[PDB]
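The structure that follows is given in the form of structure tokens.
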């Protein structure tokens, strides 16, 4: 770092971050998501509509922001819609908390008041348990619950994506009591429409498939990054291609060498060779005759997905597999995935933990936007598995916490009296984020929600009914939340907010 | 990078175009002036022909290069007109700028310029329309030749060059073939000669001579053994080489290569030959066997050069010594070494009194500059004369033709309703650029020279009267015999408009600067 | 190090970037239109009139400027015509948005206002589309002939065109099965005829190398065997590694004659697989060409890679990286080989081709510079007429439809809005620039031509558009100016997705900082 | 405007002129716009004399 003086980090650094955070979740949160352009070190267009992703990609130069980054990342694992919340609740509380400081309120006196308010907020949340639904045998129930999560993360086809994520997540384990984070793995294959994406189960290798079939039930695999150019460690790993005379004997010789390799795996157990290494011209010929599958050209990502599920372990050497390097899948077969030929394995009773949604788009640009919707939606299913408490649609949750917190200023006083009040406004930052998206007055949005006085129903979503004002029931629309989502978000948000607010000058020479 | 559009695009185009145009206009016509230019190689190159000037310079901006390509096609098709086409092109862009600041879009300029040039081609078609047989052509052809040879500077005792050229277009060409014959024509130049000796070689010349003077200086009609066999080191693409050591391996090698060279001479002589042309020539050693089994031979012929000698003579190929037959041997009338006029020029001729399917035009001059100048006069001269052998339609140059056309264009310009009218009249002043620029060369003021010619074109409506183009104090183009092909001028006028029309059309320019090559 | 900028200064950076890139492809497409010349470093200059080509070579640094690559490419692949228009339109939507965003009045209901326009806009084009295969002819080649004439007159010629237009009809039917932008290629000559064209139904090759014979070497076959090689012939052939030396005693003349035998072998392998006619990508050697003339066989070097790929599709054959052939889908055959000089430049014609899904036009313009645009006219003709067979729905060309959509969107602009009026009207205004610009660069009055047409639409009609042959008003459905209905529809959706994307973005994160 | 009136004068002679109603190209034979002969002789001869003095002026 660099040196600082006059307790600058508290007044100055805290508000710089607030803004940096702002408007990358103050318009890509709620019922319509919005694209932001991120260019990475290998430059390409990348559209983000998700809070956790855009921060991983950014290099945080502010030390004030970095705390807040970590808490968003916990929330990415845990909810995938409490991740959008960390930023907006946290930034807003510091802006308001700065105002209090000027009056003379001490930094910790306010921190007391935010903490009794948070415990209190959590007491209100069982009054914001409005209806309970949970069928994990029904695609129909699941899709409505995910629907507000994926909405925030996409501007596209909301309804169609909701059926694909629901179909994957239910179908894999409809009797599980807990679900996994890498239970669904993405496969990102080029071509076709967005609404031409589909659902398979088990591992898909998105890279080239060759050999020739020979089984559809015996799906034993052995995983290598070791090439078959002429690399074998049971004998010598040297090639002879630097001499013209030898190179010719070697081309002819590669045929027989390849037969030794293929058998060497298979006999001890394989039917499909997983090969991150490369398969020569002559090599490709011997496997076609012999009739063992090849899944050629596998990058590190492709091989790791495979290893983690089956417990097959890769080496850069080729020797017959021991049992720890052997995996098994319930099935394999060769059929097109989205209308492109690949290998599809099945897992849904072997160990599950890998389903595949094929993300399609004639360009990689269309795919990233749907990558965010599914990946966040994995972890939203993991909340609905654990509990059934159903929390109304976005932004309709937020009003009631604000109304009962205002009561909390009046009944408690102290020097915490002020802090509690700004805790109240700070939950209103979330529908003010929707007012800022809609581009109409903040104040008018807030006015309608208090006037009808409905608490757990009414909010201004993103519509053309949000342009000339109206209010709508987000309790009944297929836009629902869950209890734990909000319980986690708030807890880690208040964790993050308070602790940046403590900071004082960096002392260095 | 920057985006240049519109005015930015057209401003750049005048700046580039003009630089080329200024050198050309001061080297235009037979009153034309030599330009002595230095390279950065410490060398000096003395130029005057418009094409060599385009090869020499690599001035900034694309527009320079687009003129370069244009001139190259035209050297083969017409010949001369290389100076003329480019100076006319810059005139269009100066006028376009005058109309562009008035508020005229370049697409208006583009269509009206293309439409004006069609008025001018029609005017130039009127002057002749004769097509006459080859013999009758020969006197008009020689008069045209003077002019063309004159526009590469000097033409005094250059009447040999013109008379050899009529033979040269006749042999290679038909009268109504309608194709090019300048890939059948070999230009040859060698230093030490004279510009007063020009020879027509009805075969081919190799710069090589006999291996001995002791071998005969005549060889019979036909019986040429075309060969690829070594009698000296052939420089093999094989690899690791090894040398002899000591007295014994030295001797063994010498006797071996001598023994093999004698056997080779005998098989050539048996299938019937008296000329060996060998790719890989003769060594000192090899000389001994060849005189002893007495067979004139040329030492060394280039890799590709051996093909060129075969097609020219019409002779029948024998690729190699492994391929010797008596049913395939090349053609000749005689094979003799020729001294042209000096013993400083030694070329050895395989000349034809049989089938000739190419003609070598052998021109000489005493120094490097003198042959350069003479080759370029003569090639361009040959080409203009090939357009005329086919169709002997002739117009008198010097800018007389252009003035007449300027009158014709200027009237026709305004009788159309479209917005091109202003362009079309600027086209008429733009044709006048060429006697204006000739005047700069003559030693005369640009302006009054054009208007003297013009009154005389109001009378006749035909070029055959004008101003000075040789300088002799006559006001005639038919007592001066300043003559260019009809297709040739028509070609400078149509090509220049076609080119400049792309340049007006394009106003979409991605450069960082204003010019990049 | 990361550059991040937000709010309004980023919003105005994005929009502005887009406009500069458009200027290039704005004034273009026509005989009264423009061509584009981009030099992006020395000896990297192209002439084009296709939007896509320039933009790839052009540098981009803005995300708004990067967006346009994906829009231009997908248009170009399919139609090959109207490429410039999509990128013009993509940029144009943004231009009219620009005073609201500066002001800070920016809903994201604004992008959603565009998505609604695109919908109404597209319904109209189909609705006014009249399927031409039903409506007219029954032989339908004369139908195709009319598209050809107008298409030849949207890049150049307006009089030579009537002769050139029947050739296109024939070619188009051989070719139609998927558009090729590289089997419709046209070869250049001038100086033996000027302004005439011939249809050749097979292939041609510009480059051939042989000077050891021509009259003495045969060049007419009635059952050629074509070797489509990429290998080189050499003076003498190199031997394989290890051993062989020159001199010691015996090796002096020995080795020399062996080299000659290997060279001969490579030739004899070519011949005995199937050779009477040889094409080879890389030079035919000096002694090699002499050999071929000796045996009475034709040979050709300096072939481009591209030309060989055309010929194989015609033959049913393939390119050989080998010196022998063991299959007739790897060797090539035709039923005519002839070599004829047009313009005095050698053309290797193969015609009577088994498949004959390739064509060659031997075109004589008036100049080399002239030819470049005359080739583009024939090329524009082949693409568009083909795309007419495929999408039999065809609407009026000339940018005629767009004036009616401007007006249609103006009527809905009136009806719809709670704030939408500014934005739907922006969409409408944006359409009109596209024919208006072609009037304007041309130097005729764009207000005088378009607005007069809108007026005639009002009495009744929809196909009154701009004839760009002279840039004045005309019926462009009675003048038979035609381009398919689908072209426009593809343009509208893709264009509106590009524009929407940019306005959504108010943050650009450059993570390398570079 | 002035390109087109030139072409009308070339063919017909006594034709179109700048008309105050139209703003443009319509006959002035249908709407009389007259000027006396001296008013145009004056514009030209005086103009030339002034341009003559300036050219002659050192």
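Cβ sites come from the backbone with ideal geometry, for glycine too, and all protein chains shown count toward neighbours. Read the figures in this text as sums done on the coordinates, not as results from a lab.
Using only Cα positions of region A:252-346, each an equal point scatterer, no hydration layer, compute I(q)/I(0) via Debye at q = 0.21 Å⁻¹ and quote the log10 values to two decimals.
Log10 of I(q)/I(0), two decimals: -1.23.
Pairing the Cα long axis of helix B:246-272 with the longest principal axis of chain B, what angle in degrees results, from 0 to 90 and rounded to the nearest 10?
Relative to chain B, helix B:246-272 is tipped by roughly 70 degrees.
Please work out whether region B:330-384 counts as rounded, prolate or oblate from its C-alpha gyration tensor, where a ≥ b ≥ c are the square roots of the eigenvalues and a/c under 1.5 means rounded, while otherwise a/b larger than b/c means prolate and anything else oblate?
Values: a/c = 3.89, a/b = 1.32, b/c = 2.95.
Oblate, since a/c reaches 1.5 and b/c is not below a/b.
For a test of the definition: using alpha carbon positions, the gyration tensor, and the 1.5 limit on a/c, classify region A:430-476 as rounded, prolate or oblate.
Cα axes put region A:430-476 in the prolate bin.
Let me ask another. Report, to the nearest 10°, how far helix A:364-386 tilts away from the longest principal axis of the Cα atoms in chain A, using its own Cα long axis and a range of 0 to 90°.
Long axis of A:364-386 versus the principal axis of chain A: about 70 degrees.
Does region C:121-263 classify as rounded, prolate or oblate by the C-alpha gyration tensor (a ≥ b ≥ c root eigenvalues; a/c under 1.5 gives rounded; else a/b over b/c gives prolate, otherwise oblate)?
On the way: a/c = 3.95, a/b = 2.81, b/c = 1.41.
Prolate shape, in that a/c is at least 1.5 and a/b is the bigger ratio.
Would you calculate the convex hull of the Cα atoms in the protein assembly as shown and tell me its volume per residue in Å³? Walk me through the numbers before you get to the answer.
Numbers: hull volume 457.5 nm³, N = 1598.
Dividing the Cα hull volume of the protein assembly as shown by its residue count gives 286 Å³.
Still on this structure, I have one more. How compact and how long is region B:244-357, expressed as Rg and Dmax of its alpha-carbon atoms in Å?
Radius of gyration, then largest Cα-Cα span, for region B:244-357: 16.5, 54 Å.
222 nm [θ] for chain B, helices only, -39500 (n - 2.57) per DSSP H run of 4+, per residue, to 500?
Working: 16 runs with 250 residues, N = 517.
One gets -16000 deg cm²/dmol as the mean residue ellipticity at 222 nm.
Then there's this: Among B:386, B:320, which comes first, second and so on when ranked by fewest other beta-carbon atoms within 10 Å?
Neighbour counts put them in this order, fewest first: B:320, B:386.
Where both partners of a DSSP beta bridge lie in region B:248-400, what percent of those bridges are antiparallel, to the nearest 5?
On the way: 6 of 8 bridges.
The antiparallel fraction comes to roughly 75 percent.
Ranked by Cβ crowding within 10 angstrom, fewest neighbours first, how are A:178, A:201 ordered? If you can, show how the numbers build up before the last one.
Details: A:178 9, A:201 22.
Ordered from fewest to most neighbouring Cβ atoms within 10 Å, A:178, A:201 come out as A:178, A:201.
Okay, helix-only estimate at 222 nm for chain A: each DSSP H run of n ≥ 4 adds -39500 (n - 2.57), divide by all residues, round to 500 deg cm²/dmol; what do you get?
Working: 16 runs with 235 residues, N = 509.
Using -39500 (n - 2.57) per qualifying helix, the result is -15000 deg cm²/dmol.
Hey, another quick one. Take every residue in peptide B:234-245, count the Cβ atoms of other chains within 10 Å of its Cβ, and give the average of those counts. Provide the component values of the computation, followed by the final result.
Working: counts 8, 2, 12, 8, 12, 9, 5, 5, 5, 3, 3, 1.
Counting other chains' Cβ atoms within 10 Å and averaging over B:234-245 gives 6.
Can you give the angle from 0 to 90° between the axis of helix A:398-411 and the longest principal axis of chain A, with both taken from C-alpha atoms, to the nearest 10?
40
Viscosity 0.890 mPa s, temperature 25 °C: give me the Stokes-Einstein translational D for chain B in µm²/s, with Rh taken as the Kirkwood radius over C-alpha pairs.
Details: Rh = 26.1 Å.
Value of D from the Cα-based Kirkwood radius: 94 µm²/s.
When the gyration tensor of chain A is built from Cα positions, what are the square roots of 5 times its three eigenvalues, in whole Å, from largest to smallest?
On the way: eigenvalues 549, 139, 72 Å².
Equivalent-ellipsoid dimensions as semi-axes: 52, 26, 19 Å.
So between residue B:291 and residue B:167, what do we pick up on full extension, going 0.36 nm a residue minus the alpha carbon distance? If you can, show how the numbers build up before the last one.
Working: separation 124, 0.36 × 124 = 44.64 nm, distance 3.81 nm.
My answer for the length gained is 40.8 nm.
For C:427, C:408, what's the fewest-to-most ordering of other Cβ within 10 Å of each Cβ?
Numbers: C:427 29, C:408 20.
In order of increasing Cβ crowding within 10 Å: C:408, C:427.
I need the peptides B:128-140, A:267-279, A:82-94 ranked by packing, meaning the mean over residues of other C-beta atoms within 10 angstrom, with the highest value on top. Kindly include the intermediate steps, with their values, before the conclusion.
Values: B:128-140: 13.7, A:267-279: 21.2, A:82-94: 27.5.
Listed from highest to lowest mean packing, they are A:82-94, A:267-279, B:128-140.
So what is the calculated 222 nm ellipticity per residue for chain C, using -39500 (n - 2.57) for each DSSP H run with n of 4 or more, over all residues, to the nearest 500 deg cm²/dmol? Display every interim value, and only then the final one.
Working: 17 runs with 251 residues, N = 514.
Using -39500 (n - 2.57) per qualifying helix, the result is -16000 deg cm²/dmol.
Continuing with the same structure: Report the rotationally averaged projected area of chain C based on its alpha-carbon convex hull, in square nanometres.
On the way: hull surface 128.5 nm².
Approximately 32.1 nm², given one-decimal rounding.
Express as a percent, rounded to the nearest 5, the fraction of DSSP beta bridges in the protein assembly as shown (both residues included) that run antiparallel. Mind showing how you got there, number by number?
Working: 88 of 125 bridges.
Counting DSSP beta bridges with both partners in the protein assembly as shown, the antiparallel share is about 70 percent.
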